[PDB]
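One chain follows as structure tokens, the form deposited in one PDB entry.
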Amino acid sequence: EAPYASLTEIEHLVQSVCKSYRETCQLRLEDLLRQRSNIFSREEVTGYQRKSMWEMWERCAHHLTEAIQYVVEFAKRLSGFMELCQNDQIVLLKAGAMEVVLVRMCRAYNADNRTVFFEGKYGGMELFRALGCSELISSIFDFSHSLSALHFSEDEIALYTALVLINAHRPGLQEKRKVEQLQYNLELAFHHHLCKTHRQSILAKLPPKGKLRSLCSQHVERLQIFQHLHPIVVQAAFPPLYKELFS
């Protein structure tokens, strides 16, 4: 949204992106952290594992959809995004929404005991057994654990998720150059912030190219397998936005 952004423009952009995240982060960090000792009991975990495949799938689809709505709001408030053509807005969100959710998950992940905040308490990956995709779940928790090692600040999460969304490499963009310019300026913002805080060492540690895409592609595959097994449940219960995004 401007060729040759000045230092002042880039400082403003850091502020703007952090504000957009602040207004759309969904879960309050202090709430999440203060509830780390609240963990599902053995009985509660058993409860979850005894749940039907369809019920667990519909719960998880609901909660993901709620998370995705906050990412959409983030995108809408994100400097430059609404200026993009309508096609490219959709291409970026279809590709990036779930990626942003996977990144936002590190805030809700306790590396100490490998638990995630879900339905009011922290639970391990075993909580999700009824989904029937344990290896994918394990991969997702592994990914969260790799992020936990960076110990992002809230401002870092803001600037990094902006870049996860504004990725000029997504196939199907019609005005690639505009996205490349937005991406570059967001990179300048992220790099500026890291430079001032002496945190540019994180750059080398960020998730490898294609990793987020892999996790998302597996999610879609597992959804297709589920949908094949329980087609009426998806029709009757799953949020339409979720189907549009992933089916």
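Only residues modelled in both forms are compared. We number the residues from 1 along the sequence you see. For clarity, a rigid core is taken as the largest C-alpha set superposing within 1.5 Å between two forms.
The protein also exists as the form deposited in another entry; that form is not presented, and the subsequent description refers to it.
Annotation for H230: C-alpha shift of 2 angstroms or more between this form and the one not shown, rigid core superposed. Distance between the C-alpha atoms of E135 and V233: longer by at least 3 Å in that other deposited form than in the displayed form. In that other deposited form, the Cα atoms of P231 and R59 sit 3 Å or more nearer to each other than they do here. Mapped along the sequence, displacements between this form and the one not shown of 2 angstroms or more at every C-alpha, sustained over at least 3 residues after core alignment, occur solely at 223-238.
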